[PDB]
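Engineer:
There are 2 protein chains.
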Amino acid sequence: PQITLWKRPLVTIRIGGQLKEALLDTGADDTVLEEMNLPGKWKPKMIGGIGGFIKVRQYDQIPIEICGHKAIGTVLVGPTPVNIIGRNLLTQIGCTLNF
Amino acid sequence: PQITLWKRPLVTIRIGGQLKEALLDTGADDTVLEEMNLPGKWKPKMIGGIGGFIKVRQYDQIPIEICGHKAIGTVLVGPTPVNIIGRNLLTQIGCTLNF
Ligand SMILES: CC[C@H](C)[C@H](NC(C)=O)C(=O)N[C@@H](Cc1ccccc1)[C@H](O)CN(CC(C)C)S(=O)(=O)c1ccc(OC)cc1
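Just so you know, the protein sequences line up as chains A and B, in that order. Positions 1 to 99 (PDB author numbering) are the ones given, in order, by the first sequence. Positions 1 to 99 (PDB author numbering) are the ones given, in order, by the second sequence.
#1: Please identify, using Cβ separations under 8 Å, the residues of the segment 17 to 46 of chain B that lie next to chain A, in order along the chain.
#2: Do the segment 40 to 57 of chain B and the segment 81 to 92 of chain B meet, that is, are 3 or more Cβ pairs less than 8 Å apart?
#3: Anyone know if the C-beta pair for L76 of chain B and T31 of chain B falls short of 8 Å?
#4: Out of B:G17, B:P63, B:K7, which one is the CA nearest neighbour of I93 of chain B?
#5: Using the beta-carbon count (16 or more within 10 Å), is residue 102 of chain B buried or exposed?
#6: Is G86 of chain B near ligand 1, in the sense that its beta carbon is under 7 Å from a heavy atom of that ligand?
#7: Within the 8 Å Cβ cut-off, does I54 of chain A reach chain B?
#8: Specify the secondary structure class of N37 of chain B as computed by DSSP and reduced to three states.
#9: Assuming contact is defined by CB atoms lying nearer than 8 Å, are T80 of chain B and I54 of chain B in contact in what I supplied?
#10: Rounding to the nearest angstrom, what Cα-Cα distance links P1 of chain A and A22 of chain A in this structure?
#11: Please determine whether the Cβ atom of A28 of chain A lies at a distance below 7 Å from any heavy atom of ligand 1.
#12: Indicate whether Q18 of chain B and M36 of chain B have their beta-carbon atoms separated by less than 8 Å.
#13: With a cut-off of 8 Å, does the C-beta of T91 of chain A fall near any C-beta of chain B?
#14: Could you have a look at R57 of chain B and say whether DSSP puts it in helix, strand or coil?
Shown next as structure tokens:
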């Protein structure tokens with residue numbers, strides 16, 4: 001799709017069999033989802049943004065369908081203000097910025 | 001132009017006499033610039049992201065050129081680690097996400 005930006009670019013994602021809403025975030029290096037259970041091993045990680053750093057759980061090689069497009073990659077889980085799809089997965093689904 | 005997301009989507013902006021590098025950020029509602037002593041009236045604001053909230057100064061109707069495209073609107077100024085072009089200005093330069 002072509003998505004304009006007069007509203008937040010929120011899309012439905014499917015992960016671990018569940019539907020969620022998530023923000024397509026070109027200013028995010030990584031994908032960070034609100035607290036949830038995901039299967040498999042994870043490792044502790046810290047990530048930072050505008051207000052400082054937070055602790056997250058890093059799950060590698062997780063499948064996620066974003067607005068109908070398949071990705072499989074690293075998903076961070078922790079106290080993010082909103083579910084965020086970052087560049088690691090935006091690149092996988094062929095997302096570009098255009099003007 | 002088309003901008004891929006393999007790397008941070010940094011572009012050159014002009015506001016004042018300072019050319020700066022800023023992120024084209026679809027995850028940002030508002031535009032947030034690194035500390036700079038802009039002239040004019042402002043209002044205090046708090047904005048929140050990963051790690052919590054920071055205090056910024058809200059300046060209105062500020063001309064900013066983004067990649068040679070003229071925009072004018074609200075810019076938030078404070079202790080962000082990166083200059084952030086938000087949706088309020090991305091819409092004005094006709095920027096979309098595409099996949
Ligand atoms: C991967 C971790 C994290 C998500 C990301 N950090 C990095 C290093 O990519 C980030 O915070 N990304 C930021 C941009 C960024 C990048 C690097 C360092 C600091 C910030 C994000 O794109 C915009 N922000 C709003 C979001 C959190 C809903 S925001 O910046 O917090 C924000 C919040 C409110 C705004 O206006 C209301 C505008 C912007």
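For every residue, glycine included, the Cβ atom is placed at its ideal position computed from N, Cα and C.
Structural biologist: Quick look at the numbers:
#1: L23, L24, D25, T26, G27, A28, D29, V32
#2: no
#3: Along the second sequence, one-based indexing puts residue 76 of chain B at 76. Along the second sequence, one-based indexing puts residue 31 of chain B at 31. Result yes, Cβ atoms of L76 of chain B and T31 of chain B sit closer than 8 Å.
#4: Taking the second sequence and counting its residues from 1, the one referred to as residue 93 of chain B is at position 93. Minimum Cα distance to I93 of chain B is reached at B:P63.
#5: Nothing can be reported for residue 102 of chain B, as the shown portion of chain B is limited to 1 through 99.
#6: By 1-based counting over the second sequence, the position of residue 86 of chain B is 86. Yes, since a heavy atom of ligand 1 falls inside the 7 Å radius drawn around the Cβ of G86 of chain B.
#7: For this step, residue 54 of chain A is matched to residue 54 along the first sequence. With 8 Å as the cut-off, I54 of chain A counts as an interface residue toward chain B.
#8: By 1-based counting over the second sequence, the position of residue 37 of chain B is 37. Coil, per DSSP.
#9: The residue you call residue 80 of chain B lines up with position 80 of the second sequence. The residue you call residue 54 of chain B lines up with position 54 of the second sequence. Yes, these two residues count as a Cβ contact at 8 Å.
#10: Walking along the first sequence from the start, residue 1 of chain A turns up at place 1. Walking along the first sequence from the start, residue 22 of chain A turns up at place 22. Rounded to whole angstroms, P1 of chain A to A22 of chain A spans 16 Å at the Cα level.
#11: Taking the first residue of the first sequence as position 1, residue 28 of chain A is located at position 28. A28 of chain A: yes, Cβ under 7 Å from ligand 1.
#12: In the second sequence, the residue the question calls residue 18 of chain B occupies position 18. In the second sequence, the residue the question calls residue 36 of chain B occupies position 36. Taking 8 Å as the Cβ cut-off, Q18 of chain B and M36 of chain B qualify as a contacting pair.
#13: Walking along the first sequence from the start, residue 91 of chain A turns up at place 91. Output row for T91 of chain A: interface = yes.
#14: Taking the second sequence and counting its residues from 1, one reaches residue 57 of chain B at position 57. Three-state result, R57 of chain B: strand.
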